[PDB]
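**Student:** Model the structure of this input:
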Amino acid sequence: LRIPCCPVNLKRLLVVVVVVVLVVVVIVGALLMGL
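**Tutor:** Residues are numbered from 1 along each chain as shown. Sure, the structure comes next:
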């Protein structure tokens, strides 16, 4: 329950999520440019 004492591997999971979101934003920008 809660974060233990800073999130463990969950942190790098969050980083992966952020990367995914960034990549999606890149895909969106790319699509807006053309593809």
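**Student:** Tell me which residue lies nearest the centroid of this structure.
**Tutor:** Most central in the chain under Cα atoms, centre = their mean is residue 18, positioned 1.5 Å from the mean C-alpha point.
**Student:** could you say which helix or strand contains it?
**Tutor:** Per DSSP states H and E: residue 18 is located in helix 9-33.
**Student:** buried ones in that helix?
**Tutor:** By 16 or more other Cβ atoms under 10 Å, helix 9-33 has no buried positions at all. For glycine as for every other residue, the C-beta is placed from the backbone atoms N, C-alpha and C.
**Student:** residues making contact with that helix?
**Tutor:** Contacts with helix 9-33, where a contact means Cβ atoms under 8 Å, 6 or more residues apart in numbering, come from 3, 7.
**Student:** please begin residue numbering at 10 from this point
**Tutor:** Taking 10 as the first residue, the last one we looked at is helix 18-42.
**Student:** Return the distance of it from the chain's centre.
**Tutor:** Relative to its chain's centre, helix 18-42 lies at 4 Å (Cα atoms, centre = their mean, to the nearest Å).
**Student:** before we move on, the earlier item: now do the residue nearest to the centre of the chain against residue 42, distance only.
**Tutor:** In this view, residue 27 and residue 42 are 22 Å apart by Cβ to Cβ, to the nearest Å.
**Student:** Equivalent analysis for residue 17, please.
**Tutor:** 38 Å.
**Student:** And residue 29, by the same measure?
**Tutor:** Taking Cβ to Cβ as the measure, residue 29 falls 20 Å from residue 42.
**Student:** And residue 22, by the same measure?
**Tutor:** Residue 22 is 30 Å from residue 42, by Cβ to Cβ.
**Student:** Check residue 35 too.
**Tutor:** In terms of Cβ to Cβ, residue 35 sits 10 Å off from residue 42.
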